[PDB]
Structures are given as structure tokens and as C-alpha cells.
Amino acid sequence: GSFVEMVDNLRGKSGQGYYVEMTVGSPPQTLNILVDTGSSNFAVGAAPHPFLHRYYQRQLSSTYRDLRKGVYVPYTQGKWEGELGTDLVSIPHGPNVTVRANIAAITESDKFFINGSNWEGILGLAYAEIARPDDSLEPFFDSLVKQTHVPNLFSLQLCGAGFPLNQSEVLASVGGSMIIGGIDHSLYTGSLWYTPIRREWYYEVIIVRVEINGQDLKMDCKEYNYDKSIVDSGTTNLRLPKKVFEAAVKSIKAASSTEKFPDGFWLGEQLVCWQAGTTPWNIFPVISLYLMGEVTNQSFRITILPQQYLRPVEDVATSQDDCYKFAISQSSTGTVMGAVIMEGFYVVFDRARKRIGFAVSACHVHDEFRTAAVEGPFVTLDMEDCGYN
Ligand SMILES: Cc1cc(C)n(COC(=O)N[C@@H](CS(C)(=O)=O)C(=O)N[C@@H](CC(C)C)[C@@H](O)C[C@@H](C)C(=O)N[C@H](C(=O)NCC(C)C)C(C)C)n1
């Protein structure tokens, strides 16, 4: 309920990523690690790279163990190859422990590291099932729970600023919190509502209904989880299956039709700008995702605002304009509840009880007329049928 030691231990932002400080090896080598609930490999740059200010030097760690085995990991965008081994790992602003964990030493990569992101590795927090080479490589959190008394769960509060941040600003500000082993009540308001983790591979959940300003998209619910629906702190946008994306964009365009935007905007590629302070938030609809509840035939809903799905970006011109990119895009691999969703809520990854909790975030961006919300319950039947097989 109270872990002041870990509150505000994250830095970063959408687009580039949210990261936590970790140390690896002996003596401790400090590295910034991206928090990624969408994968299960712990990996770190281990050789010079144009975008890396530092990297893992195995030859300088007295505790480094070479597993003599290579590993390859591809992501929706980006990929890397590395060499497997183990070493001692600690988290300065996390529990006071030291765990021996598997570490992939990245030796080659493509479209993975991000210039200026300030992170040098990735912490895959999902399950062994999707770890590479296979489920035999124990993920970091599994090691943590097995080697310590830290409870089997963590929570994330990702904080979007609501406006663009320059390099010095992102470096000097709080990007959020990752509470390891517990929940901190100062990070949310209202109550926590839980949805079942369908299966332990990605953090998969089941969406049972979608609304645009209260109006039902009215699609066969399997379409919403077509292939799957996951919660991923390593993805910026709310990504939706092709059919759902098209239906959603049609409805969002209709609700905001008093103003017309170019196709490039809806494709998530180009920005739309308004005179400083005049963004017409009210013309854009709220989006509600209903999730299966823990009680039979019960569901709840999470609702985000345009302040969540319109991502702030700096306008090239020295203009004092407020510009944004549409942060909802299509996916051919299922729904991805990325930062667009996570910046609106405090998310509890309760692995012990196989469930994910959502509560309104104490740091979500909004205005005087609307706020993000988590509400329930709703009598919903045959939710099990919403899952895709
Ligand atoms: C917040 C935040 C953090 C970061 C780094 N961004 C910017 O990058 C992305 O949003 N990257 C997405 C691609 S996009 C722009 O939606 O199309 C992405 O691929 N994120 C991955 C992490 C980054 C650091 C490479 C991962 O979070 C996505 C996840 C679904 C994934 O690809 N998992 C892998 C996977 O499923 N691989 C199989 C196929 C897709 C190669 C694992 C299981 C091996 N936004």
C-alpha cells in the first residue's frame, strides 16, 4: 500500500520509452532499462553503438557467467542478436535485493535502440512462454520472485506530460513508477478493477465491448481480440486489429466532423496543430474498452480521453502551436494496449492471482470537463466467447 522508495522511479515518455535504473555485474555497472511488458527477455547493449552512451562490459564483471549460446529476438518493430549469460542484477530504486538473472548481451541490432531515449537495455516482464530461444530461459521477474521474498506482482504508472518535452526536460522529470512487489495507493484514485490474465505468455486480456462516446462499435467481440489482446508498456499507440481499427476511425471521424483532418493524420503519420492553448479537446470522443471481470458474467470499462490518444509532438516551426499525432493505429497481430492506454491508468500486474488491475491514474492528462475513468460492474454474458482460438 505504501512503497515510497519506488514511487517516481521511472523516466522517459511515449515514443521513446519508459525506463528504470538497474545495475548489472560486479562492481555494479549502471544502465537504464526499458520497461517492456510485451516481451520476456532481459537484454542489454554490450558493445558500442551510435545511440548508446554506455553499455554492459562483461570482461569487467567478476560475476559474469557465459552460457555459450546465442539468442535472437524480433519485435513488432526492431530486433537484436546477442550472447546469453548470467550476472548479478540490482534495482537502485527498487527492492533492496540482488538476483542472478539471465542477460542477453546485445552485439548486433536493427531499429531497436532509439537515439536520445537514454536507455541501454530492455526488461521483458512477460512470461517464459514467449522468451527466446524458448521457455527454458527464465525471465527476470521469475528469477526475482524465486530468489527473494518480493511478492509475485508489480504495478506501473506511466505518466504522459500532456505537452512536448525537450531533452533536458525529459531527463529532469518523473516519467512514472514501477512498484515492484506491491501497490502504492498514492498513484491512483477510485477503485481498482481486475480483469483475468487469459493465459500466461503475453499479458493477454479479453475485450468484450468497445464504445466511442458511449456508442457501441457493435462488432462480434472476437474481432476485438482477433488473434489476441495484450497490455504492453513497450508500445506507444493503442493498436487495433484491422477491422476494428477501421470501424473505430470511422466513428471517431464522425464524432469530430466539425473539423476536417488529412488522411495522413488518421494514418498516425502527420501532425495536426492548433494555435497555442486552443486544442478543441471537446470535439473528440472518449473511447471505452470493456474488459472481462473476475465475477461470472461481469465486466467493467476503462475510458480514455483524446488527451490520451492524441500524442503531443513539437512543431518544427518555432511556432507556439500545440501539435499532436493520432496515436491509434492498425495491427495485424491483435490489439495492443500501449502507452495510450497505460498513461491513463495505474496498472497492476497481479501475477500471483493471474489478473490485471486498472484504476484511474493520479497522473493522467485531462481537462476541466472530463477525466479518464474505470467503472463497473456491467452484466455481460458469454464473455468467454470473446476470446480468439
Ligand atoms: C512506450 C514505448 C516504448 C517504446 C520503445 N516505444 C516506441 O516503440 C514502439 O512502440 N515499438 C513497438 C512497435 S510499433 C511502433 O507499435 O509498431 C514495439 O515493437 N515494441 C516492442 C518493444 C521495443 C523496445 C522493441 C514490444 O513491446 C512489442 C511486443 C509486442 C513484441 O514485439 N514482442 C516480441 C514478439 O512478439 N515478437 C514476435 C514478432 C512480432 C517479431 C517478443 C515476445 C519476442 N513506445
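Count residues from 1 along the sequence. Heavy-atom basis, side chains included; hydrogens, waters and symmetry copies ignored. Counting convention: from 1, in listed order, for ligands and their atoms alike.
Inclusion of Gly38 in the set of residues having an N or O under 3.5 Å from an N or O of ligand 1 is warranted. Of the N or O atoms in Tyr18, none lie within a sub-3.5 Å distance of an N or O in ligand 1. Of the N or O atoms in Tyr202, one or more lie within a sub-3.5 Å distance of an N or O in ligand 1. By the 3.5 Å distance cut-off applied to N or O atoms, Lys13 is not counted among the residues near ligand 1. Among the atoms of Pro74, some N or O lies under 3.5 angstrom from an N or O of ligand 1. Residue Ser39 places no N or O, backbone or side chain, under 3.5 Å from any N or O of ligand 1. Distances between N or O atoms of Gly234 and those of ligand 1 include at least one value under 3.5 Å.
Looking at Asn237 against ligand 1, nothing comes within 4.0 Å, counting heavy atoms. Only the side chain of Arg239 comes within 4.0 Å of ligand 1, judged by heavy-atom distances. Proximity of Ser233 to ligand 1, defined as any heavy-atom pair under 4.0 Å, is confined to the backbone N, CA, C and O atoms.
Heavy-atom contacts from other residues, nucleotides or ligands closer than 6.0 Å to CG of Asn96 number 12 or fewer.
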Open item on the list: Determine whether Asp87 and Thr63 satisfy the following criterion, side-chain hydrogen bond (donor to acceptor under 3.5 Å, both in side chains), listing intermediate values before the conclusion.
Closed with: CA-CA 6 Å; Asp87 211 332; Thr63 46; 2.6 Å; yes

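Contacts of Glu169 classified as salt bridge (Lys or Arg N to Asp or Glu O under 4.0 Å), with partners at least two apart in sequence or in another chain: none.
Taking a 4.0 Å cut-off on heavy atoms, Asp232 registers as neighbouring ligand 1.
For the pair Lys79 and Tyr72, the cation-pi test (distance below 6.0 Å, angle within 45°) is failed. Relative to the six-membered ring of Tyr194, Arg355 meets both conditions, a distance below 6.0 Å and an angle of at most 45° to the axis.
When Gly17, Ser14, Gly15 are checked for heavy-atom proximity to atom 7 (C) of ligand 1, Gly15 turns out nearest. Checking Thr333, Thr235, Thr236, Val73 against atom 12 (C) of ligand 1, the nearest heavy atom belongs to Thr235. In this structure, of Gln16, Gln330, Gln77, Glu343, the residue bringing a heavy atom nearest to atom 5 (C) of ligand 1 is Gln16.
Separation of the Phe345 and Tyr188 ring centroids does not fall under the 6.0 Å cut-off. If you look at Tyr290 and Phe378, their ring centroids are closer than 6.0 Å. For an aromatic pair to be called close, the ring centres must be under 6.0 Å apart, and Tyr309 with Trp266 fails this.
If you check which protein heavy atom lies closest to atom 24 (C) of ligand 1, you get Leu34 CD2, 3.4 Å. At the shortest separation from atom 32 (O) of ligand 1 among protein heavy atoms lies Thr76 N, 2.8 Å.
A donor-acceptor pair shorter than 3.5 Å cannot be found between the side chains of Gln59 and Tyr64.
In this structure a side-chain-to-backbone donor-acceptor pair under 3.5 Å is present from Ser233 to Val35.
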